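I have placed the structure first, in the form of structure tokens, so that the comments after it can refer back to it.
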4 protein chains.
Amino acid sequence: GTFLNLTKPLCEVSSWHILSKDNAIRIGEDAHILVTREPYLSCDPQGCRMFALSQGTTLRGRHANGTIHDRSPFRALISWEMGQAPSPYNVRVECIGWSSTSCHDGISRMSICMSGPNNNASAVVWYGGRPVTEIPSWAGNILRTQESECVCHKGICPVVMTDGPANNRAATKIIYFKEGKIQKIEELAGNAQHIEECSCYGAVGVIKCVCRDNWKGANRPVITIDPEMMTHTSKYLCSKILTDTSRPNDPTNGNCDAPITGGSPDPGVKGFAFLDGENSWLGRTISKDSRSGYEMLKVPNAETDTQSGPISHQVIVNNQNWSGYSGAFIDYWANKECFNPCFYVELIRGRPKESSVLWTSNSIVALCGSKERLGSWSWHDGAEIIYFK
Amino acid sequence: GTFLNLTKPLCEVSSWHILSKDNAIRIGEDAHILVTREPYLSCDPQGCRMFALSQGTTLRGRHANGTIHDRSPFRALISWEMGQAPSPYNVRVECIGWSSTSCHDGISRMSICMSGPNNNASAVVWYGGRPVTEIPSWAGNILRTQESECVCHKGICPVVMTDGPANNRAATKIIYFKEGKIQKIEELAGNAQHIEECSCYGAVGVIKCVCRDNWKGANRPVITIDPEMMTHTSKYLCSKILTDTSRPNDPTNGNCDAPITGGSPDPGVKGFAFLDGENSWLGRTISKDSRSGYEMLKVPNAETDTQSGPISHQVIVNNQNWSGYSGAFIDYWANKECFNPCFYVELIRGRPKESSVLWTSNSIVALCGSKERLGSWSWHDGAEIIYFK
Amino acid sequence: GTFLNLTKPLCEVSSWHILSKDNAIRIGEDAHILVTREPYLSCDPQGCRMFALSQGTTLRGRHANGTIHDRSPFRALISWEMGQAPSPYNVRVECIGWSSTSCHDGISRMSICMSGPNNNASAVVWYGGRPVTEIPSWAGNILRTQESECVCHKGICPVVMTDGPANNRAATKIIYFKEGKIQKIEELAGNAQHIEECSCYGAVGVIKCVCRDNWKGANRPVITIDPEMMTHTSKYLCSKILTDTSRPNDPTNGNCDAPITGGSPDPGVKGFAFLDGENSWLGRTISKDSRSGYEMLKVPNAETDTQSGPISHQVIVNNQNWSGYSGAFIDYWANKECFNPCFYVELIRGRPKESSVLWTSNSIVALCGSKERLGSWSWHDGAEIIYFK
Amino acid sequence: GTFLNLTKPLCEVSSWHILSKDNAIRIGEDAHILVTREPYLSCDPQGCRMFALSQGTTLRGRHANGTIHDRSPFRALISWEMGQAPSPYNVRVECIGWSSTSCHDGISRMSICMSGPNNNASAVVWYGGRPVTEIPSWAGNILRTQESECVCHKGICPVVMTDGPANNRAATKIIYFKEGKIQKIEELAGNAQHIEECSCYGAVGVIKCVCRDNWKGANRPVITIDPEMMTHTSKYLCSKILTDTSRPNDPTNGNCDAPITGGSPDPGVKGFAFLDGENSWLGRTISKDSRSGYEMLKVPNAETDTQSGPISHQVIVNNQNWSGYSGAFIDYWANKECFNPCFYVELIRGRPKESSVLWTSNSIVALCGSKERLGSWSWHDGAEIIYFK
Ligand SMILES: *[C@@H]1O[C@H](CO)[C@@H](O[C@@H]2O[C@H](CO)[C@@H](O[C@@H]3O[C@H](CO[C@H]4O[C@H](CO[C@H]5O[C@H](CO)[C@@H](O)[C@H](O)[C@@H]5O)[C@@H](O)[C@H](O[C@H]5O[C@H](CO)[C@@H](O)[C@H](O)[C@@H]5O)[C@@H]4O)[C@@H](O)[C@H](O)[C@@H]3O)[C@H](O)[C@H]2NC(C)=O)[C@H](O)[C@H]1NC(C)=O
Ligand SMILES: *[C@@H]1O[C@H](CO)[C@@H](O[C@@H]2O[C@H](CO)[C@@H](O[C@@H]3O[C@H](CO[C@H]4O[C@H](CO[C@H]5O[C@H](CO)[C@@H](O)[C@H](O)[C@@H]5O)[C@@H](O)[C@H](O[C@H]5O[C@H](CO)[C@@H](O)[C@H](O)[C@@H]5O)[C@@H]4O)[C@@H](O)[C@H](O)[C@@H]3O)[C@H](O)[C@H]2NC(C)=O)[C@H](O)[C@H]1NC(C)=O
Ligand SMILES: *[C@@H]1O[C@H](CO)[C@@H](O[C@@H]2O[C@H](CO)[C@@H](O[C@@H]3O[C@H](CO[C@H]4O[C@H](CO[C@H]5O[C@H](CO)[C@@H](O)[C@H](O)[C@@H]5O)[C@@H](O)[C@H](O[C@H]5O[C@H](CO)[C@@H](O)[C@H](O)[C@@H]5O)[C@@H]4O)[C@@H](O)[C@H](O)[C@@H]3O)[C@H](O)[C@H]2NC(C)=O)[C@H](O)[C@H]1NC(C)=O
Ligand SMILES: *[C@@H]1O[C@H](CO)[C@@H](O[C@@H]2O[C@H](CO)[C@@H](O[C@@H]3O[C@H](CO[C@H]4O[C@H](CO[C@H]5O[C@H](CO)[C@@H](O)[C@H](O)[C@@H]5O)[C@@H](O)[C@H](O[C@H]5O[C@H](CO)[C@@H](O)[C@H](O)[C@@H]5O)[C@@H]4O)[C@@H](O)[C@H](O)[C@@H]3O)[C@H](O)[C@H]2NC(C)=O)[C@H](O)[C@H]1NC(C)=O
Ligand SMILES: *[C@@H]1O[C@H](CO)[C@@H](O[C@@H]2O[C@H](CO)[C@@H](O[C@@H]3O[C@H](CO)[C@@H](O)[C@H](O)[C@@H]3O)[C@H](O)[C@H]2NC(C)=O)[C@H](O)[C@H]1NC(C)=O
Ligand SMILES: *[C@@H]1O[C@H](CO)[C@@H](O[C@@H]2O[C@H](CO)[C@@H](O[C@@H]3O[C@H](CO)[C@@H](O)[C@H](O)[C@@H]3O)[C@H](O)[C@H]2NC(C)=O)[C@H](O)[C@H]1NC(C)=O
Ligand SMILES: *[C@@H]1O[C@H](CO)[C@@H](O[C@@H]2O[C@H](CO)[C@@H](O[C@@H]3O[C@H](CO)[C@@H](O)[C@H](O)[C@@H]3O)[C@H](O)[C@H]2NC(C)=O)[C@H](O)[C@H]1NC(C)=O
Ligand SMILES: *[C@@H]1O[C@H](CO)[C@@H](O[C@@H]2O[C@H](CO)[C@@H](O[C@@H]3O[C@H](CO)[C@@H](O)[C@H](O)[C@@H]3O)[C@H](O)[C@H]2NC(C)=O)[C@H](O)[C@H]1NC(C)=O
Ligand SMILES: [Ca+2]
Ligand SMILES: [Ca+2]
Ligand SMILES: [Ca+2]
Ligand SMILES: [Ca+2]
């Protein structure tokens with residue numbers, strides 16, 4: 001192997017084609033499928049894999065009761081072959097904990113998991129399947145990270161982490177790893193007021209992360225990282241098309257510099273966007289209130305134009321179906337002259353929206369860009385909750 | 001690896017020997033086995049694998065209810081080690097969708113899946129486990145393909161696709177791929193009036209596909225492809241021995257040029273034939289009305305002689321048992337001086353013929369040619385439907 | 001790889017040490033374990049594997065009902081990692097049928113399966129995971145073979161096959177394969193009156209098979225094969241210690257030349273012996289009437305001395321527990337200066353001896369020679385039949 | 001590969017970070033998970049694996065009834081990918097028996113299992129997946145060994161074994177293996193009065209084992225081995241901090257030379273310690289009476305100072321939860337300039353402490369040293385016993 005260099009531009013995207021879907025909830029109604037949440041995908045030179053935080057129980061198992069809870073000693077980052085559903089029999093345990101990120105640098109995979117009590121959590125950083133670095137909480141309030149893949153360039157893999165309140169100012173850092181070893185640590189700079197759950201991708205030597213402001217903004221923070229100089233900037237997505245949930249109705253003008261407040265009742269959801277001038281696509285839930293539906297909106301110059309709106313759209317999950325977290329990944333090792341945007345949507349089933357069952361879990365759908373104008377339909381979870389009752 | 005070249009002649013065949021049987025329905029009565037339909041097999045330099053369209057649920061699972069339906073967002077092309085039954089734990093997800101083909105070019109495998117709504121479907125073409133090409137529907141009516149393996153020669157893999165009505169003239173194209181990239185597109189030419197579900201094999205630089213005319217003919221269309229010139233011809237199987245289902249009684253003379261109409265109530269079923277002069281074998285259901293039984297008939301010069309009839313026969317599935325789709329494959333990488341014909345029969349259980357259960361699925365049997373005169377027995381599915389009730 | 005040559009002598013054996021046990025019935029009471037019978041083991045340069053004839057259903061499944069029957073289209077030769085129990089998820093399907101043998105020649109594995117109706121069975125011979133030869137029944141009465149491993153020398157792998165009555169004279173042949181291709185066919189010669197289910201091993205250029213005379217003798221036939229000249233001889237085990245089941249009480253003198261009749265009610269069981277002068281060990285059921293218990297008896301010069309008796313013994317399965325078939329194998333690729341005898345015992349549970357359940361299956365235990373004097377205990381199946389009711 | 005040489009010093013340790021947790025009992029409530037006990041971990045150049053003694057049944061299976069019993073013909077040493085739970089589908093059977101050890105020498109893995117009746121047990125020593133040596137009982141009373149990993153240096157792997165009473169003087173030997181072959185045998189020397197279940201690790205050419213005196217002492221025996229000279233010494237852990245269970249209250253002074261008696265009602269439990277001057281850490285159950293809770297105590301110079309006490313502590317399992325055996329392992333192939341201490345805790349569920357179920361099993365948690373001061377929480381089993389009733 002050799003270190004991945006982000007030498008290629010982002011592919012042009014006109015629509016989104018289906019990459020994978022695991023149908024985990026449908027299958028797990030009668031097969032041994034682990035309860036999960038916070039899934040993502042990440043690729044390496046050999047192929048792409050699915051990742052998620054296991055809850056340490058199967059879906060039909062009695063221990064699925066109570067899995068709405070986010071943090072327990074029974075969670076772990078698991079990965080598995082793309083397209084299969086996650087079972088106790090087919091998963092690789094990457095690390096133990098309740099918040100994670102992972103990325104392959106071209107040579108080996110780095111995986112990071114936070115675990116422990118709220119006031120004293122710690123991250124363990126793995127590289128090539130072995131633990132190499134440990135990081136104690138710096139602010140004593142749920143040290144946590146991206147919940148989707150990091151990105152590497154010339155051996156350097158930046159990771160965004162937060163420690164502190166979910167509903168007030170917190171302490172976010174960008175940590176630059178090489179072979180899982182810390183090369184540099186930066187405090188968050190820029191205008192983003194609060195950072196959670198960054199979704200990141202790279203092209204032409206730049207890494208861009210689109211995150212979640214859980215404190216104030218319905219517009220999403222955008223962090224731009226130079227992995228060579230190991231420096232960064234942050235701001236908000238300029239477009240009037242707001243993409244967090246909950247959010248108010250889209251205003252006539254967005255704000256690049258400051259959070260746009262409003263929306264009820266959810267303070268936020270992990271999301272993503274691909275920002276490449278005219279070639280810009282924003283994902284968001286269809287509902288402005290709740291994690292239901294999912295749409296992709298092509299919003300030219302969303303990163304700079306406060307009045308930018310959609311010129312095209314594709315429904316990924318219809319608004320009669322539950323969505324959840326969404327994030328970015330790219331197969332940086334594809335046989336293509338450009339890096340092609342991909343994303344996943346977490347399809348959450350169970351609590352709190354479906355409280356007639358005792359559990360919370362999800363399935364996954366993932367799509368990638370196409371230059372063609374492809375037709376579309378809804379890739380919802382597909383399970384009947386009544387079958388679980 | 002190196003590109004497969006179709007340099008060898010077809011083996012002479014006097015009878016058929018058992019290659020594989022997965023007993024999926026028997027096993028799936030009490031193990032975690034995926035609901036499938038439209039199975040096939042395809043080989044590569046390392047061995048042969050089974051393929052099918054999953055329905056995204058296990059057989060005993062509650063979501064098996066309703067799996068008579070052909071198209072949903074929960075289907076995917078899966079492959080698995082030949083002889084095992086397909087489980088959530090042992091399958092490779094090749095691509096996502098409800099119509100497929102796959103073939104290995106000697107170096108890597110190309111897999112193609114169509115998905116989406118009837119009026120706006122699209123194909124995604126994968127090569128070496130990564131998506132490389134997308135193709136939008138050209139006629140807005142269920143873009144679809146072979147449901148068995150394609151065949152490659154010097155890196156070129158032709159695939160037959162149809163878009164348009166199932167019960168009227170449609171728009172069929174032959175698309176010539178190399179490394180999953182389109183080299184050439186031809187509109188269907190020749191005398192075949194309608195083309196569905198082509199079953200293809202190759203020898204001495206020729207690829208021959210035997211298909212399903214769902215509009216008019218009980219005789220099967222035959223497409224002959226030159227993968228070097230990337231051109232083709234089409235006609236109907238000449239023999240009076242009619243091989244689609246449903247079909248009328250065999251007439252005194254077949255028709256090479258035009259469909260022979262008649263038969264009730266099914267408009268067609270995927271099938272196959274090996275056409276090599278005197279060395280010609282036609283498969284068909286034993287019933288002329290329904291997908292029950294399966295027989296192989298050696299019909300010398302079936303491709304040219306309108307009065308050709310069987311000189312030998314072998315019952316593969318007796319007429320007291322359900323069959324289904326059938327198709328061709330060859331282990332082009334066998335240590336033999338000739339390419340030996342193989343075929344599979346899909347053994348459909350459940351709806352609509354067995355409507356006392358809520359599901360539809362299948363198991364697989366596969367056989368290959370022998371120069372010996374081997375005895376035979378029925379390789380029916382073997383499950384007791386009462387056990388599922 | 002390179003062809004195995006049988007250059008080494010047989011190891012001296014004073015007692016037997018535990019090699020593997022799969023506990024398949026215990027585990028299969030509540031896991032997805034295939035119904036099997038006629039198991040064995042066979043090794044290759046990488047390690048050893050377990051083999052058996054699947055019945056194409058799990059043990060707890062409803063289709064286990066009726067698995068006392070020996071021949072169906074739902075059986076297959078399966079292999080799996082030594083020590084695991086056989087599940088739909090972990091087995092390799094070697095070939096399809098209801099009688100088998102398999103052996104590795106140092107380069108690739110040859111596996112053979114007979115299938116079909118009683119009057120028209122056929123063998124398919126596989127090599128390196130691909131079918132290479134087919135053999136039709138020569139006597140029209142259940143063409144069948146060893147049910148344990150064959151043995152190879154310089155690329156030549158002899159296999160003993162029988163076609164004809166189980167209760168009268170039949171037609172047995174020795175077929176000499178190389179890369180699964182027939183090099184020579186011999187009719188059975190010698191004094192053995194009937195041959196079934198040969199258990200074979202090799203050393204110093206000789207292959208010796210100890211078989212089952214189902215027609216007359218309670219003493220076992222012994223076939224000695226020269227795999228270089230491709231010739232053989234046959235006789236009966238000389239010792240007065242009779243080792244088939246059923247058998248009469250051991251007489252004062254055995255018979256090398258002719259069957260010793262008597263015993264009730266079973267006509268025979270597959271068994272084995274290692275015959276190496278003073279270093280000779282005979283296995284047999286403890287009961288003279290039924291397949292219960294298993295004992296190893298060191299009987300010096302059993303192959304020549306009609307008055308030879310045991311000088312030592314080791315109980316493998318106590319006589320309060322069911323046994324079944326037994327056979328020989330050797331890890332010819334071990335890092336040892338001699339080839340060490342190994343054997344397995346099939347531990348049959350269910351019908352006909354335990355007819356309070358509807359099924360018949362087995363588990364496996366396997367042991368190998370030790371020069372030490374090791375203590376012993378009973379390695380019985382260990383399942384409680386009441387748990388299955 | 002090349003032989004591991006213990007050239008590196010032990011890493012400095014200030015706290016313990018989470019390495020792995022399998023949540024086997026939680027998962028096994030509704031998945032096919034084997035009943036086990038006596039688990040451990042052991043690494044090789046490729047990674048680390050979990051090991052345990054299977055009971056030859058799944059947890060939910062009816063045969064789990066009675067698994068409190070330690071010795072049966074249905075037990076085996078199994079290994080599996082670190083972090084997964086042990087299932088019939090994912091385990092490697094290392095050897096057959098009811099007491100074990102295993103270690104990798106840098107080239108291949110040696111695994112040893114004892115089996116048989118109490119008065120006539122025997123060990124079989126495997127190397128590279130093949131049996132190579134057998135050892136008969138020397139004292140006729142449950143020949144047995146470490147129940148955690150051995151350690152290798154320049155191809156030499158010492159193993160501590162005991163044969164004789166559990167409640168009186170027994171016969172312990174140190175056996176020095178190379179490629180599974182005995183190089184030397186020593187009778188136990190030193191002041192340790194009784195030796196069971198040694199937990200061993202190596203650094204700078206020394207192997208140190210911390211064991212269980214089941215006869216007299218609540219202080220643990222310490223055996224120090226020179227694997228080059230193949231010699232050893234033994235004594236007791238000097239510290240007043242007593243680490244066996246049961247034990248009396250810690251006295252004002254420990255004893256290096258002799259057992260400190262007292263404690264009720266358990267005669268002992270397998271445990272461990274890392275002894276490296278000021279860098280010394282003792283594990284023990286939190287309860288002095290029973291196998292509940294688990295704490296790590298940094299006790300500088302525990303190996304020499306009879307008045308040494310804890311300067312820091314970390315709770316691994318809180319005292320409201322069951323623990324069990326604990327032992328040492330190190331990833332000797334990590335990319336680190338020092339060998340980093342790791343340990344596991346067996347989390348026993350079921351009998352005898354939870355006798356409202358019929359079974360006994362466990363799950364695993366494993367942690368490794370960190371130079372950081374990391375926060376901590378309890379990594380208890382996490383299953384609800386009520387769900388099993
Ligand atoms: C075969 O498949 C083809 C590809 O899938 C498909 O091609 C599609 O064709 C349609 C019709 O030509 C195109 O639709 C066009 O979309 C743009 C963008 O619309 C999006 O944004 C607008 C503006 O939203 C903002 O303003 C409104 C208030 O005005 C606010 O509510 C909103 O919050 C924003 O602030 C929005 O109004 C649109 O809303 C539609 O879609 C959403 C889901 O995203 C629905 O929830 C909603 O009910 C409504 O239906 C939308 O979000 C628009 O400006 C044009 O007028 C036109 O509608 C697609 O872009 C195009 N897709 C692609 C990828 O090419 C073919 O239609 C298909 N063929 C057939 C026969 O089905
Ligand atoms: C050991 O195994 C050997 C190999 O399996 C086996 O060898 C077989 O031996 C038999 C007997 O010699 C041979 O049978 C011969 O078959 C030919 C061809 O028959 C097939 O086609 C005819 C004609 O069909 C057309 O015309 C009729 C009206 O006339 C229409 O109905 C039909 O639709 C067509 O238009 C057909 O009549 C035959 O029908 C038989 O078989 C079908 C199943 O395919 C049944 O459904 C039907 O009821 C009937 O039984 C058949 O389709 C025929 O012309 C000869 O007269 C002769 O019957 C096999 O070819 C031969 N097989 C091989 C591969 O060698 C041995 O028999 C076996 N030994 C034992 C003891 O079992
Ligand atoms: C620690 O483990 C050690 C190894 O496991 C173990 O060592 C064993 O020690 C015993 C006692 O010294 C030895 O036993 C000896 O065995 C020989 C051979 O006996 C076998 O054959 C005779 C003869 O059988 C023939 O004749 C009789 C009529 O006379 C017929 O019934 C029969 O069908 C034959 O024609 C037979 O009588 C023996 O029968 C015994 O064993 C069978 C099971 O095989 C039982 O079913 C039966 O009830 C009876 O118990 C036997 O088959 C014998 O001649 C000697 O007299 C002596 O009995 C073992 O050989 C030896 N094993 C090895 C491998 O070294 C230690 O005993 C053990 N220590 C402890 C404390 O347990
Ligand atoms: C973020 O995480 C940090 C790391 O996890 C954590 O750092 C910890 O901080 C605490 C507080 O500063 C430190 O605690 C210190 O521990 C030492 C050692 O205490 C241990 O040993 C003593 C002595 O035991 C002996 O004597 C007593 C009688 O005196 C006997 O009972 C006993 O059997 C022995 O003979 C013992 O008293 C302590 O007991 C405590 O802990 C045990 C569990 O181990 C409990 O069961 C018991 O109830 C009691 O709570 C203990 O065993 C001590 O001398 C100091 O006084 C001080 O208590 C930790 O060492 C330190 N850990 C590390 C690894 O750095 C932070 O606290 C955390 N931050 C927050 C906000 O949570
Ligand atoms: C799913 O998990 C929930 C949460 O643990 C279970 O509900 C809980 O059940 C327990 C046992 O009945 C209740 O405990 C009782 O609490 C009262 C006081 O609140 C106490 O007086 C009793 O002695 C007992 O401890 C508990 O309250 C209850 N919690 C809630 C939120 O309802 C539930 O049973 C689980 N469901 C299934 C199907 O497993
Ligand atoms: C297998 O799937 C079928 C099809 O979904 C299930 O049958 C359906 O069951 C639902 C719920 O009872 C029926 O819904 C009802 O429809 C009527 C109007 O038609 C409406 O008034 C009610 O409010 C309700 O929506 C539905 O009609 C029915 N469909 C059919 C074709 O019968 C069936 O229950 C499933 N079986 C099992 C065992 O899971
Ligand atoms: C296990 O398999 C056996 C053998 O198939 C099953 O027993 C069979 O059950 C069927 C259905 O009740 C019986 O069929 C009946 O036969 C009589 C004439 O003999 C006929 O008049 C009826 O119309 C019907 O066909 C069959 O006799 C019976 N066979 C035997 C040997 O008892 C059994 O039910 C299966 N058990 C389980 C639990 O699945
Ligand atoms: C779990 O395993 C235990 C131990 O094997 C089972 O308990 C045992 O059940 C058997 C059958 O009822 C009892 O056998 C009876 O023993 C008396 C004499 O003690 C005899 O007169 C009867 O003829 C019969 O043999 C046995 O005593 C009993 N043992 C104990 C310790 O209670 C138990 O049934 C199993 N539980 C489950 C749910 O599988
Ligand atoms: Ca927000
Ligand atoms: Ca038709
Ligand atoms: Ca006999
Ligand atoms: Ca003690």
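In the structure tokens, chains take letters A, B, ... by order of appearance, with residues numbered from 1 within each chain and ligands from 1 in the order shown.
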Around ligand 5, at most 7 Å away and counting only C-alpha atoms and all ligand atoms, which residues are there? Put them as an MDAnalysis selection string, please.
chainID A and resid 62 65:66 358
Contact residues (chain B, partner chain D, 12 Å, only C-alpha atoms) as JSON, numbers by chain:
{"B": [31, 32, 89, 90]}
Within-6 Å residues of ligand 3, basis only C-alpha atoms and all ligand atoms, as a PyMOL selection string:
(chain C and resi 14-15+241+250+295+310-315+373-376) or (chain D and resi 120)
Mind listing the residues within 10 Å of ligand 1, only C-alpha atoms and all ligand atoms counted, as a ChimeraX atom specification?
/A:13-17,239-243,248-252,283-288,293-299,308-319,370-377 /B:116-122,136-137,140
Write the selection just made, keeping C-alpha atoms, as an mmCIF file, in the first residue's frame?
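Resulting contents of again-v6.cif:
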data_model
loop_
_atom_site.group_PDB
_atom_site.id
_atom_site.type_symbol
_atom_site.label_atom_id
_atom_site.label_comp_id
_atom_site.auth_asym_id
_atom_site.auth_seq_id
_atom_site.Cartn_x
_atom_site.Cartn_y
_atom_site.Cartn_z
ATOM 1 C CA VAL A 13 -22.989 15.128 -9.945
ATOM 2 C CA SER A 14 -26.410 15.464 -11.608
ATOM 3 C CA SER A 15 -28.257 12.743 -9.689
ATOM 4 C CA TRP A 16 -27.687 9.912 -7.211
ATOM 5 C CA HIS A 17 -27.503 6.168 -7.921
ATOM 6 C CA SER A 239 -27.425 29.183 1.623
ATOM 7 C CA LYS A 240 -30.928 30.151 2.729
ATOM 8 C CA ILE A 241 -31.693 26.449 2.271
ATOM 9 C CA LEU A 242 -31.332 25.343 5.908
ATOM 10 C CA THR A 243 -30.337 21.726 6.432
ATOM 11 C CA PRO A 248 -37.565 27.071 10.662
ATOM 12 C CA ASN A 249 -38.930 27.643 7.171
ATOM 13 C CA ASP A 250 -36.150 28.657 4.791
ATOM 14 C CA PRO A 251 -35.652 32.448 4.950
ATOM 15 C CA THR A 252 -35.037 34.752 1.988
ATOM 16 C CA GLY A 283 -28.904 16.774 2.026
ATOM 17 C CA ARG A 284 -31.624 17.276 4.633
ATOM 18 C CA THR A 285 -34.684 15.636 6.164
ATOM 19 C CA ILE A 286 -37.885 16.495 4.294
ATOM 20 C CA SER A 287 -39.678 17.435 7.502
ATOM 21 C CA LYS A 288 -38.371 20.655 9.035
ATOM 22 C CA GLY A 293 -37.883 11.843 4.782
ATOM 23 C CA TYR A 294 -34.631 12.675 3.057
ATOM 24 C CA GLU A 295 -33.988 14.877 0.026
ATOM 25 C CA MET A 296 -30.926 15.885 -1.982
ATOM 26 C CA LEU A 297 -30.975 19.452 -3.293
ATOM 27 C CA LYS A 298 -28.555 20.811 -5.856
ATOM 28 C CA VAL A 299 -27.890 24.339 -4.639
ATOM 29 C CA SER A 308 -28.815 30.283 -3.370
ATOM 30 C CA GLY A 309 -31.706 27.869 -3.883
ATOM 31 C CA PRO A 310 -32.266 24.439 -5.445
ATOM 32 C CA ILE A 311 -32.056 23.978 -9.212
ATOM 33 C CA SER A 312 -32.715 20.243 -8.944
ATOM 34 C CA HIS A 313 -33.827 17.720 -6.354
ATOM 35 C CA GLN A 314 -33.967 14.014 -5.656
ATOM 36 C CA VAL A 315 -36.072 12.385 -2.966
ATOM 37 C CA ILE A 316 -34.036 9.644 -1.261
ATOM 38 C CA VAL A 317 -36.554 8.680 1.419
ATOM 39 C CA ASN A 318 -40.169 9.840 1.144
ATOM 40 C CA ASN A 319 -41.671 11.923 3.957
ATOM 41 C CA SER A 370 -23.952 10.089 -11.258
ATOM 42 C CA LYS A 371 -23.385 12.483 -14.159
ATOM 43 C CA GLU A 372 -26.507 10.970 -15.716
ATOM 44 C CA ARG A 373 -30.017 12.155 -14.945
ATOM 45 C CA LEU A 374 -31.290 9.009 -13.243
ATOM 46 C CA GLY A 375 -34.819 8.328 -12.086
ATOM 47 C CA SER A 376 -35.406 7.858 -8.396
ATOM 48 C CA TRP A 377 -37.616 6.234 -5.794
ATOM 49 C CA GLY B 116 -36.288 2.286 -9.321
ATOM 50 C CA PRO B 117 -39.921 2.946 -10.223
ATOM 51 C CA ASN B 118 -41.443 1.412 -13.356
ATOM 52 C CA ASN B 119 -41.392 4.685 -15.286
ATOM 53 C CA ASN B 120 -37.874 5.765 -14.332
ATOM 54 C CA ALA B 121 -35.654 2.755 -13.632
ATOM 55 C CA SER B 122 -31.878 2.798 -14.016
ATOM 56 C CA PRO B 136 -31.102 5.614 -17.353
ATOM 57 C CA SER B 137 -34.281 4.020 -18.717
ATOM 58 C CA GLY B 140 -39.799 4.564 -19.311
#
Show me which residues line ligand 8, defined as having an atom within 12 Å of a ligand atom where only C-alpha atoms and all ligand atoms count, and present them as a ChimeraX atom specification.
/C:383-389 /D:60-69,355-359,389
Distance of atom 24 (O, counted along the ligand's line) of ligand 2 from atom CA of residue 340 of chain B, expressed in Å to one decimal place:
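These atoms are spaced 25.0 Å apart.
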List the neighbours of residue 130 of chain A out to 12 Å using only C-alpha atoms; skip same-chain residues closer than 2 positions along the sequence, and give me the result as a PyMOL selection string.
(chain A and resi 93-95+108-112+124-128+132-134+179-180) or (chain D and resi 18-20+43-48+82+330-336+340+368)
